[PDB]
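Structure, as structure tokens:
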4 protein chains.
Amino acid sequence: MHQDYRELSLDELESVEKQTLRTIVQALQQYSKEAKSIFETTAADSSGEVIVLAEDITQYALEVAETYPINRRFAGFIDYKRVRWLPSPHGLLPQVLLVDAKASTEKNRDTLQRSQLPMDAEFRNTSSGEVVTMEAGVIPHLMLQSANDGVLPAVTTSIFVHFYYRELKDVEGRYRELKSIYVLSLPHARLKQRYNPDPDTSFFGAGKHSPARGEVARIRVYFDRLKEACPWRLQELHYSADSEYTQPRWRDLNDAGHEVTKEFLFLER
Amino acid sequence: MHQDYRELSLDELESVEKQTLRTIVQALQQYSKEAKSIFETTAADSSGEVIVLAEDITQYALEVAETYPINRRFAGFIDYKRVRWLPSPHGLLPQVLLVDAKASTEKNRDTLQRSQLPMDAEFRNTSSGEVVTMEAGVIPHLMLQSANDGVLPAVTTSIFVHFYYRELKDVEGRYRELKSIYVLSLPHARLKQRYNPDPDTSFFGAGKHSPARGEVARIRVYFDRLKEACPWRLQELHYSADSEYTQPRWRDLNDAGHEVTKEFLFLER
Amino acid sequence: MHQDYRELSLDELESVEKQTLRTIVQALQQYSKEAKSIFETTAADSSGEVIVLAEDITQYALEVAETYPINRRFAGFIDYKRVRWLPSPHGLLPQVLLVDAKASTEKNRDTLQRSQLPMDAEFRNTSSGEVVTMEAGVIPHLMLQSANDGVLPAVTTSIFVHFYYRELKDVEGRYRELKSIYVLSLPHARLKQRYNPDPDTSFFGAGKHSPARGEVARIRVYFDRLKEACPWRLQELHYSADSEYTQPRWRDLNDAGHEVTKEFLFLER
Amino acid sequence: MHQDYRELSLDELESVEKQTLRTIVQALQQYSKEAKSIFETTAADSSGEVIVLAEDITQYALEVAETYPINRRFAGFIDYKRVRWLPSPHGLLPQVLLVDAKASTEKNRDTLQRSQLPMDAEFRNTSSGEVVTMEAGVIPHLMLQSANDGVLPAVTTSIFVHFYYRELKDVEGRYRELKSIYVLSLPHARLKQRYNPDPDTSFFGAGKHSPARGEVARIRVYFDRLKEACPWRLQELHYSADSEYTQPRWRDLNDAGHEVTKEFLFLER
DNA sequence: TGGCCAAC
DNA sequence: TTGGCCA
DNA sequence: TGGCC
DNA sequence: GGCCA
DNA sequence: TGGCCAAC
DNA sequence: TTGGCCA
DNA sequence: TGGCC
DNA sequence: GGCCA
Ligand SMILES: [Ca+2]
Ligand SMILES: [Ca+2]
Ligand SMILES: [Ca+2]
Ligand SMILES: [Ca+2]
């Protein structure tokens, strides 16, 4: 086994992330009933609410699905974060789970600060035709001080929880409608060559703000382009009208390479 | 990626047991210092005090290294037990962790009531020369009620924390010496053929019970055989004089199959 | 507002014990349903199974109702134990909660090893007619190392969860009936004069031990006397047929001093 | 005892709040060493950081000093919040602990949204000479659904953690300096007549933004005016240069009415 | 109640 | 290892 | 203390 | 939640 | 090892 | 109630 | 998909 | 994180 992720094959590393996301999708799924009641029937306080409501729900849902805590903390801008040990066949890996909640009226892509970017981005602006850039503001790991030695790198695992919804303003006791909770597992920096080797191959899009062409502040991530590069990295728990809880569907791919989506079992929580 | 353990290949099942052990071994290691202090300096009361010190030190070391808790509890003679979700590449598997603490003066073998026996056992009693047979008393899985369908089987994982020590003529604040902590990982039933195909092929042995006095019968497991059966299923956190913590050693079985050992990193806790 | 319990008036000390009991009573109440299910339907193994079911059900009910944890653990024959901070008007007091579980067939009195005895006891053995004397085996407080000075005494609070039941001829999935749960709050030493000033004035009595066979000696406490000594120190969660939960009753002693009982509210858990 | 705060005398209610704050001051004090290292040596990310860093530290400090959790949650704008049972001599009270972190360059007063206002405010604008108003956006309680009945009111307890600091921009590995962590316990709505009976008696000040005279959006709270109306409601843990941790000082008043400040004991945490 | 004996 | 059962 | 940006 | 009156 | 007897 | 001690 | 407010 | 091209 290994204690240093850097001693892991890109594939093995990928499983850590895959492994981390599946757990997270269980927590959300099992929190869906309540997630929806809170998201929809919480006060209005003049817009902005949803921003909070998202991070709030994402935490009330994941804090109960955690693992072996590590005695190290850090303040950052990512609405949710826990340093911990993550049991794995590749070895008990020290990990830093970073996850940010988002609320949007859109169902494809979402914006992010340099401080949320797992890897160095580089895409090509449609109109412009020129290359845009953004260094990653998120570290690859957080060195931990061994007791029997020195620093041990706790890997950084990035996850995004997008709450796609629609305004309704306010009916009886409902002010809006949660439609689906999308979940994304953004690949680690070490995996750059795979998901973003050059500007003509990448799930990153044009920022949303004044500047365009060359280096930029903001950026985007398009769900479709990510899924196509790897199906399990785009999870989606959708609310039909048959269940109070979302539709427990998990996207992956069989051992023939065909992307498949299966329905899993969840508990009352 | 599998929720039902039965859908797992045999090697994989092994894998969740091994990642389960590695996590417990770590939890113990990071507590071995306090473990020593509590085990050697705790005042003996009506003797048999080694009993409860083993149970207690075990709970404390592990209760801090748990994972995604599932809302189901047990009530039995098992020392430490928790139902929960165990994340892993093979899927987020529901699991009943069963750890039994043992205060022992012998660094070889270990005793088991039948309710602690994972698989159906069969061995050849040397003294008598015959053949002994014990039926596993531990359920393969505990069924959970699915919030959205059938029942979900919770794998049963058996671990044994064996505290090797020796009494001592009180000197300092010490009353006895904790030589080392052995952590055993007994294989789940589905593995029966790989570890106990026939009577002569097993790691079991005569039980510490007295048939003459007509006692119900128990069975034993012998570290040496167990280790040969599978290196990682027998771990030993040995206390030395270099540090106050057990020496951080973990044995695995080389990429090619030969037994190997390594020193690992651990945090102060 | 006081950190050292010794600086507390006698009435106040009582107060932290009573608020400690009320919290445990609630924790139990909200678990009485599962408590019943586990206690009556759990398959008997080598009998004496009522023992571990009492311990287990107790831990589960209370382990969920704790407070500000302090970084210090015990190792002894006490069933449930946690060092911690207990908030209150009288100050944030450090405290060693000591709860012992008992599986009993009698709704009167309760047995105590000496290591469970809070104060020095003295009573008048009726059969012999003489006078019996037992020295408390429970420390008044556990000293903690101050990060900024001296040591800080952690009050010792003794609670007893007594499970009253009767065996039964297996019928449904039932093997025995849990009639009710009695929760006792024994007073801390500093209260000795108020509860056991002289031998004839006490709530103790002969111990369940056999002196003839030369057994070490234990002592008993008799609910009836205890209750008269102080109403709230004896609580009873009785199981009825109206609901699956114990009937939510809590007895206190009226503003003027007369005993009073009330039905309280509890959550589903 | 009582389960409904509304059955409590304003004084008793005040003790709940007093009791809640003292615990919180212990958590912060015991987190001071780390609180400071994080606050000061965390990245710059171009201002705003401190805003986050404050709530972050306030949570890493308090989440470990919690009590008996209640199975109810709610998303709001207050950076920290937990519904729970709070042991008290007045009875086990269901409580909703609301606490907001703030970071400021000032050491007196701090701004707040209607959504952070515990009680209806009303002061008199200096210049203007006219009365200003603001309804309280924070509810007095959150009804909980009894299992054996109906709604049970979980009291709302408001607390403010102001991290007074000073910019330094960036030296070696320090970018700013935390000087003191002030803590405030804002009185419940039921206590309005006491701390704010009319506009000429109140710790509230003029908002900070365009509008002035008559009803307003924002508002202020001046530490001095609050302390003078009640000494324990203004706690301050200050960093001198003798200790890594703040100066463990608690402000209260003896049972002669003289405000006194004492030094308490804290653990390593 | 008090105490013996029991299978833990 | 704490507890039933007996007088 | 105020309200401004 | 800065800066300045 | 295997098994008895022990004080839990 | 699980474990020491003995051959 | 882009950048605008 | 809205709105619109
Ligand atoms: Ca966000
Ligand atoms: Ca055991
Ligand atoms: Ca007990
Ligand atoms: Ca704030």
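Residue numbering restarts at 1 for every chain of the structure tokens, chains are lettered A, B, ... in their displayed order, and ligands are numbered from 1 as they appear.
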6 Å contacts from chain C to chain D using only C-alpha atoms, as an mmCIF file with N, CA and C atoms, in the first residue's frame:
```
data_model
loop_
_atom_site.group_PDB
_atom_site.id
_atom_site.type_symbol
_atom_site.label_atom_id
_atom_site.label_comp_id
_atom_site.auth_asym_id
_atom_site.auth_seq_id
_atom_site.Cartn_x
_atom_site.Cartn_y
_atom_site.Cartn_z
ATOM 1 N N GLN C 19 -29.520 17.849 36.881
ATOM 2 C CA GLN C 19 -29.611 18.219 35.482
ATOM 3 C C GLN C 19 -28.920 17.158 34.666
ATOM 4 N N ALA C 65 -26.419 11.520 23.557
ATOM 5 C CA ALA C 65 -26.783 12.692 24.370
ATOM 6 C C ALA C 65 -25.646 13.243 25.219
ATOM 7 N N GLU C 66 -24.445 13.327 24.660
ATOM 8 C CA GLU C 66 -23.314 13.856 25.420
ATOM 9 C C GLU C 66 -23.101 15.369 25.316
ATOM 10 N N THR C 67 -22.056 15.852 25.984
ATOM 11 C CA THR C 67 -21.740 17.273 25.979
ATOM 12 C C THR C 67 -20.228 17.489 25.814
ATOM 13 N N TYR C 68 -19.849 18.749 25.578
ATOM 14 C CA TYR C 68 -18.465 19.205 25.398
ATOM 15 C C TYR C 68 -17.448 18.194 25.932
ATOM 16 N N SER C 88 -23.596 25.061 32.671
ATOM 17 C CA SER C 88 -24.627 25.338 33.669
ATOM 18 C C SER C 88 -24.425 26.724 34.291
ATOM 19 N N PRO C 89 -25.491 27.295 34.863
ATOM 20 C CA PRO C 89 -25.424 28.615 35.488
ATOM 21 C C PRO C 89 -24.337 28.711 36.536
ATOM 22 N N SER C 146 -4.172 21.497 33.842
ATOM 23 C CA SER C 146 -4.514 22.793 33.293
ATOM 24 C C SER C 146 -3.483 23.174 32.274
ATOM 25 N N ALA C 147 -3.929 23.688 31.143
ATOM 26 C CA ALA C 147 -2.993 24.094 30.117
ATOM 27 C C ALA C 147 -2.307 25.386 30.560
ATOM 28 N N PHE C 266 -41.055 14.407 24.254
ATOM 29 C CA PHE C 266 -39.826 13.790 23.783
ATOM 30 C C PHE C 266 -39.904 13.682 22.277
ATOM 31 N N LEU C 267 -38.748 13.682 21.630
ATOM 32 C CA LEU C 267 -38.667 13.625 20.178
ATOM 33 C C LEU C 267 -38.532 12.201 19.680
ATOM 34 N N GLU C 268 -38.804 11.990 18.393
ATOM 35 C CA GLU C 268 -38.732 10.658 17.796
ATOM 36 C C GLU C 268 -37.324 10.081 17.746
#
```
- Message: Using only C-alpha atoms (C1' of nucleotides) and all ligand atoms, which residues have at least one atom no more than 12 Å from ligand 4? Output them as a PyMOL selection string.
- Response: (chain D and resi 48-56+58+77-80+99-104+110-113+115-116+159-163) or (chain H and resi 1)
inquiry  = Show me, as a count of residues only, the residues that have an atom within 12 Å of residue 5 (chain I) when counting only C-alpha atoms (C1' of nucleotides), minus same-chain residues fewer than 2 positions from it.
reply    = 13
Can you tell me, as a PyMOL selection string, which residues in region 3-246 of chain D count as strand (DSSP E or B) by DSSP? chain D and resi 67+69+80-86+93-104+110-112+121-124+131-134+141-145+151-167+176-186+198+201+204-205+219-221+234-238
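Going from CA of residue 156 (chain D) over to CA of residue 234 (chain D), you cover 18.6 Å.
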At a cut-off of 12 Å, using only C-alpha atoms (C1' of nucleotides), what residues contact residue 1 (chain K)? Leave out same-chain residues fewer than 3 positions from it and give the result as a short mmCIF file (atom, residue, chain, number, x, y, z; two decimals) with N, CA, C and O atoms (P, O5', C5', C4', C3', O3' and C1' of nucleotides), in the first residue's frame.
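Saved file part_4.cif follows:
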```
data_model
loop_
_atom_site.label_atom_id
_atom_site.label_comp_id
_atom_site.auth_asym_id
_atom_site.auth_seq_id
_atom_site.Cartn_x
_atom_site.Cartn_y
_atom_site.Cartn_z
N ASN A 108 -26.35 23.31 -16.88
CA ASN A 108 -25.15 22.92 -17.61
C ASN A 108 -24.01 23.89 -17.30
O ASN A 108 -24.09 25.08 -17.63
N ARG A 109 -22.95 23.40 -16.68
CA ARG A 109 -21.83 24.27 -16.34
C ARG A 109 -22.12 25.19 -15.15
O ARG A 109 -23.26 25.43 -14.78
N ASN A 125 -11.26 30.44 -26.47
CA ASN A 125 -12.46 31.28 -26.56
C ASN A 125 -13.12 31.19 -27.93
O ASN A 125 -12.46 31.40 -28.95
N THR A 126 -14.41 30.89 -27.94
CA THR A 126 -15.17 30.77 -29.18
C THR A 126 -14.87 31.95 -30.11
O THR A 126 -14.01 31.86 -31.00
N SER A 127 -15.60 33.04 -29.91
CA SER A 127 -15.43 34.25 -30.71
C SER A 127 -13.94 34.55 -30.92
O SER A 127 -13.40 34.34 -32.01
N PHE A 204 -13.38 23.01 -19.79
CA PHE A 204 -13.41 24.40 -19.33
C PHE A 204 -13.94 25.31 -20.42
O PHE A 204 -13.67 25.11 -21.60
N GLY A 205 -14.70 26.32 -20.02
CA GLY A 205 -15.25 27.25 -20.98
C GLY A 205 -14.84 28.67 -20.70
O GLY A 205 -13.98 28.92 -19.85
N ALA A 206 -15.47 29.61 -21.42
CA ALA A 206 -15.21 31.03 -21.29
C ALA A 206 -15.74 31.60 -19.98
O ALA A 206 -16.85 31.29 -19.55
N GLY A 207 -14.92 32.44 -19.35
CA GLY A 207 -15.32 33.06 -18.10
C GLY A 207 -16.63 33.80 -18.26
O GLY A 207 -17.20 33.85 -19.35
N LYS A 208 -17.12 34.37 -17.17
CA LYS A 208 -18.36 35.12 -17.22
C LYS A 208 -18.04 36.45 -16.53
O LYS A 208 -18.10 36.57 -15.29
N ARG A 220 -15.15 28.59 -16.42
CA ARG A 220 -16.31 27.72 -16.36
C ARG A 220 -15.94 26.27 -16.54
O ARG A 220 -14.80 25.93 -16.85
N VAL A 221 -16.94 25.42 -16.31
CA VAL A 221 -16.80 23.99 -16.43
C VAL A 221 -18.12 23.54 -17.02
O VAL A 221 -19.16 23.82 -16.44
N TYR A 222 -18.08 22.88 -18.16
CA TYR A 222 -19.31 22.42 -18.76
C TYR A 222 -19.53 20.94 -18.47
O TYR A 222 -18.71 20.10 -18.82
P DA L 5 -32.10 39.07 -26.05
"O5'" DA L 5 -30.68 38.86 -26.75
"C5'" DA L 5 -29.92 39.98 -27.24
"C4'" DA L 5 -28.51 39.54 -27.61
"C3'" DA L 5 -28.40 38.32 -28.53
"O3'" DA L 5 -28.71 38.56 -29.91
"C1'" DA L 5 -26.82 38.14 -26.77
#
```
What's around residue 114 (chain B) at 10 Å? Count only C-alpha atoms (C1' of nucleotides), leave out sequence neighbours fewer than 5 positions away in its own chain, and write the answer as number ranges by chain. B: 119-120, 134-138, 216-219
Enumerate, as an mmCIF file with N, CA and C atoms, in the first residue's frame, the complete set of residues in region 16-264 of chain B that a backbone-based DSSP assignment places in helix (DSSP H, G or I).
```cif
data_model
loop_
_atom_site.group_PDB
_atom_site.id
_atom_site.type_symbol
_atom_site.label_atom_id
_atom_site.label_comp_id
_atom_site.auth_asym_id
_atom_site.auth_seq_id
_atom_site.Cartn_x
_atom_site.Cartn_y
_atom_site.Cartn_z
ATOM 1 N N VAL B 16 -11.664 -5.609 0.975
ATOM 2 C CA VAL B 16 -12.373 -4.728 1.902
ATOM 3 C C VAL B 16 -12.024 -5.100 3.340
ATOM 4 N N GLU B 17 -11.631 -6.354 3.550
ATOM 5 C CA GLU B 17 -11.250 -6.818 4.882
ATOM 6 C C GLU B 17 -9.863 -6.283 5.210
ATOM 7 N N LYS B 18 -9.010 -6.250 4.200
ATOM 8 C CA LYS B 18 -7.661 -5.763 4.366
ATOM 9 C C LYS B 18 -7.650 -4.242 4.562
ATOM 10 N N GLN B 19 -8.513 -3.524 3.848
ATOM 11 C CA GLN B 19 -8.523 -2.083 4.012
ATOM 12 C C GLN B 19 -9.172 -1.761 5.332
ATOM 13 N N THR B 20 -9.983 -2.695 5.827
ATOM 14 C CA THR B 20 -10.641 -2.537 7.121
ATOM 15 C C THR B 20 -9.584 -2.708 8.217
ATOM 16 N N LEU B 21 -8.686 -3.675 8.036
ATOM 17 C CA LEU B 21 -7.635 -3.946 9.016
ATOM 18 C C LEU B 21 -6.643 -2.812 9.078
ATOM 19 N N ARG B 22 -6.187 -2.371 7.909
ATOM 20 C CA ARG B 22 -5.219 -1.283 7.825
ATOM 21 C C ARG B 22 -5.705 -0.051 8.567
ATOM 22 N N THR B 23 -7.002 0.228 8.478
ATOM 23 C CA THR B 23 -7.561 1.383 9.170
ATOM 24 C C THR B 23 -7.556 1.180 10.678
ATOM 25 N N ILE B 24 -7.877 -0.026 11.141
ATOM 26 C CA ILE B 24 -7.877 -0.307 12.570
ATOM 27 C C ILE B 24 -6.437 -0.306 13.087
ATOM 28 N N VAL B 25 -5.524 -0.884 12.317
ATOM 29 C CA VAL B 25 -4.126 -0.905 12.729
ATOM 30 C C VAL B 25 -3.649 0.524 12.958
ATOM 31 N N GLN B 26 -3.989 1.435 12.053
ATOM 32 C CA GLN B 26 -3.583 2.833 12.200
ATOM 33 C C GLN B 26 -4.168 3.461 13.446
ATOM 34 N N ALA B 27 -5.468 3.264 13.637
ATOM 35 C CA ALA B 27 -6.166 3.803 14.792
ATOM 36 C C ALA B 27 -5.468 3.352 16.063
ATOM 37 N N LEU B 28 -5.079 2.074 16.110
ATOM 38 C CA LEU B 28 -4.389 1.510 17.276
ATOM 39 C C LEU B 28 -3.030 2.159 17.463
ATOM 40 N N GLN B 29 -2.232 2.146 16.408
ATOM 41 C CA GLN B 29 -0.913 2.747 16.424
ATOM 42 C C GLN B 29 -0.925 4.129 17.070
ATOM 43 N N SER B 32 -1.366 3.726 20.716
ATOM 44 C CA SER B 32 -0.471 2.830 21.444
ATOM 45 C C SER B 32 0.206 3.493 22.646
ATOM 46 N N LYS B 33 0.471 4.797 22.582
ATOM 47 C CA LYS B 33 1.112 5.466 23.716
ATOM 48 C C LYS B 33 0.148 5.505 24.897
ATOM 49 N N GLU B 34 -1.035 6.059 24.676
ATOM 50 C CA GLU B 34 -2.020 6.109 25.743
ATOM 51 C C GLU B 34 -2.382 4.678 26.131
ATOM 52 N N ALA B 35 -2.402 3.809 25.127
ATOM 53 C CA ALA B 35 -2.713 2.406 25.331
ATOM 54 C C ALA B 35 -1.797 1.828 26.399
ATOM 55 N N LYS B 36 -0.505 2.117 26.289
ATOM 56 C CA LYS B 36 0.481 1.614 27.239
ATOM 57 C C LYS B 36 0.210 2.187 28.612
ATOM 58 N N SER B 37 0.141 3.512 28.682
ATOM 59 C CA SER B 37 -0.118 4.201 29.941
ATOM 60 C C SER B 37 -1.328 3.607 30.673
ATOM 61 N N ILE B 38 -2.444 3.460 29.967
ATOM 62 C CA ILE B 38 -3.647 2.902 30.562
ATOM 63 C C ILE B 38 -3.493 1.438 30.950
ATOM 64 N N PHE B 39 -2.841 0.653 30.099
ATOM 65 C CA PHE B 39 -2.687 -0.773 30.367
ATOM 66 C C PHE B 39 -1.697 -1.151 31.464
ATOM 67 N N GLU B 40 -0.623 -0.381 31.610
ATOM 68 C CA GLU B 40 0.373 -0.703 32.621
ATOM 69 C C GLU B 40 0.148 0.000 33.959
ATOM 70 N N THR B 41 -0.252 1.267 33.922
ATOM 71 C CA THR B 41 -0.455 2.011 35.160
ATOM 72 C C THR B 41 -1.838 1.953 35.809
ATOM 73 N N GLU B 49 -8.593 -7.496 35.678
ATOM 74 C CA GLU B 49 -8.640 -6.103 35.277
ATOM 75 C C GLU B 49 -8.060 -5.968 33.881
ATOM 76 N N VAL B 50 -7.264 -6.949 33.471
ATOM 77 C CA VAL B 50 -6.679 -6.914 32.139
ATOM 78 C C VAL B 50 -7.809 -7.067 31.138
ATOM 79 N N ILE B 51 -8.876 -7.732 31.564
ATOM 80 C CA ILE B 51 -10.032 -7.938 30.700
ATOM 81 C C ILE B 51 -10.563 -6.604 30.171
ATOM 82 N N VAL B 52 -11.155 -5.831 31.076
ATOM 83 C CA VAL B 52 -11.742 -4.538 30.760
ATOM 84 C C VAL B 52 -10.763 -3.486 30.224
ATOM 85 N N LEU B 53 -9.483 -3.606 30.539
ATOM 86 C CA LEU B 53 -8.531 -2.643 30.017
ATOM 87 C C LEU B 53 -8.337 -2.914 28.525
ATOM 88 N N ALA B 54 -8.466 -4.174 28.118
ATOM 89 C CA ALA B 54 -8.311 -4.525 26.705
ATOM 90 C C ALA B 54 -9.516 -4.006 25.933
ATOM 91 N N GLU B 55 -10.705 -4.262 26.461
ATOM 92 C CA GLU B 55 -11.929 -3.799 25.828
ATOM 93 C C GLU B 55 -11.905 -2.281 25.689
ATOM 94 N N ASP B 56 -11.698 -1.601 26.812
ATOM 95 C CA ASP B 56 -11.672 -0.147 26.850
ATOM 96 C C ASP B 56 -10.638 0.468 25.906
ATOM 97 N N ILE B 57 -9.372 0.109 26.060
ATOM 98 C CA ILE B 57 -8.334 0.659 25.189
ATOM 99 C C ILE B 57 -8.696 0.441 23.714
ATOM 100 N N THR B 58 -9.342 -0.683 23.413
ATOM 101 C CA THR B 58 -9.749 -0.998 22.044
ATOM 102 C C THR B 58 -10.808 -0.039 21.507
ATOM 103 N N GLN B 59 -11.862 0.172 22.289
ATOM 104 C CA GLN B 59 -12.949 1.071 21.914
ATOM 105 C C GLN B 59 -12.444 2.484 21.630
ATOM 106 N N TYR B 60 -11.674 3.019 22.581
ATOM 107 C CA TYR B 60 -11.091 4.361 22.506
ATOM 108 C C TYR B 60 -10.213 4.579 21.281
ATOM 109 N N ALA B 61 -9.402 3.582 20.955
ATOM 110 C CA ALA B 61 -8.506 3.690 19.818
ATOM 111 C C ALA B 61 -9.266 3.696 18.496
ATOM 112 N N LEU B 62 -10.287 2.839 18.414
ATOM 113 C CA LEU B 62 -11.083 2.690 17.205
ATOM 114 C C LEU B 62 -12.281 3.613 17.067
ATOM 115 N N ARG B 114 -18.033 -19.417 19.871
ATOM 116 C CA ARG B 114 -18.530 -19.761 18.548
ATOM 117 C C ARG B 114 -19.217 -18.560 17.905
ATOM 118 N N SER B 115 -19.820 -17.709 18.728
ATOM 119 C CA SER B 115 -20.499 -16.532 18.213
ATOM 120 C C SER B 115 -19.515 -15.565 17.556
ATOM 121 N N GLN B 116 -18.225 -15.878 17.643
ATOM 122 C CA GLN B 116 -17.190 -15.039 17.042
ATOM 123 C C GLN B 116 -16.572 -15.711 15.822
ATOM 124 N N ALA B 189 -16.961 -16.020 5.537
ATOM 125 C CA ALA B 189 -17.388 -17.318 5.040
ATOM 126 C C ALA B 189 -17.133 -17.573 3.557
ATOM 127 N N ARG B 190 -17.636 -16.713 2.682
ATOM 128 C CA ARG B 190 -17.444 -16.914 1.248
ATOM 129 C C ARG B 190 -16.025 -17.333 0.870
ATOM 130 N N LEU B 191 -15.083 -17.187 1.790
ATOM 131 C CA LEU B 191 -13.694 -17.528 1.503
ATOM 132 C C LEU B 191 -13.293 -18.910 1.998
ATOM 133 N N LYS B 192 -14.238 -19.597 2.639
ATOM 134 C CA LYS B 192 -14.069 -20.938 3.220
ATOM 135 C C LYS B 192 -13.125 -21.896 2.486
ATOM 136 N N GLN B 193 -13.325 -22.058 1.180
ATOM 137 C CA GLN B 193 -12.498 -22.938 0.346
ATOM 138 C C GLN B 193 -11.029 -22.522 0.266
ATOM 139 N N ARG B 194 -10.784 -21.219 0.295
ATOM 140 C CA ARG B 194 -9.430 -20.694 0.220
ATOM 141 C C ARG B 194 -8.658 -20.834 1.527
ATOM 142 N N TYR B 195 -9.363 -20.841 2.652
ATOM 143 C CA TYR B 195 -8.690 -20.935 3.935
ATOM 144 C C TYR B 195 -8.950 -22.203 4.736
ATOM 145 N N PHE B 223 -1.851 -17.905 14.967
ATOM 146 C CA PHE B 223 -1.130 -16.883 14.218
ATOM 147 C C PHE B 223 -0.193 -17.410 13.146
ATOM 148 N N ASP B 224 0.732 -18.281 13.527
ATOM 149 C CA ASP B 224 1.697 -18.817 12.568
ATOM 150 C C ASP B 224 1.038 -19.383 11.309
ATOM 151 N N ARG B 225 0.065 -20.272 11.481
ATOM 152 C CA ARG B 225 -0.613 -20.845 10.329
ATOM 153 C C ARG B 225 -1.318 -19.726 9.570
ATOM 154 N N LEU B 226 -2.107 -18.930 10.318
ATOM 155 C CA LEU B 226 -2.843 -17.807 9.745
ATOM 156 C C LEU B 226 -1.920 -16.954 8.885
ATOM 157 N N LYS B 227 -0.787 -16.548 9.446
ATOM 158 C CA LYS B 227 0.144 -15.712 8.694
ATOM 159 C C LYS B 227 0.556 -16.353 7.376
ATOM 160 N N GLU B 228 0.866 -17.642 7.414
ATOM 161 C CA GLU B 228 1.268 -18.340 6.203
ATOM 162 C C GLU B 228 0.094 -18.375 5.221
ATOM 163 N N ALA B 229 -1.113 -18.546 5.755
ATOM 164 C CA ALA B 229 -2.304 -18.591 4.920
ATOM 165 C C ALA B 229 -2.363 -17.290 4.149
ATOM 166 N N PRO B 231 -0.238 -13.353 4.668
ATOM 167 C CA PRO B 231 0.550 -12.424 5.479
ATOM 168 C C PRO B 231 -0.205 -11.291 6.190
ATOM 169 N N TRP B 232 -0.897 -10.425 5.443
ATOM 170 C CA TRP B 232 -1.586 -9.293 6.066
ATOM 171 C C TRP B 232 -2.679 -9.590 7.078
ATOM 172 N N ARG B 233 -3.156 -10.826 7.149
ATOM 173 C CA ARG B 233 -4.206 -11.138 8.120
ATOM 174 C C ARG B 233 -3.741 -11.212 9.574
#
```
In terms of only C-alpha atoms (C1' of nucleotides), the residue from C:7, C:142, C:166, C:199 at minimal distance from chain F is C:166
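Taking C1' of residue 3 (chain H) as the reference point, CA of residue 45 (chain D) is found at 20.5 Å.
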Here CA of residue 200 (chain C) and CA of residue 6 (chain C) stand apart by 27.2 Å
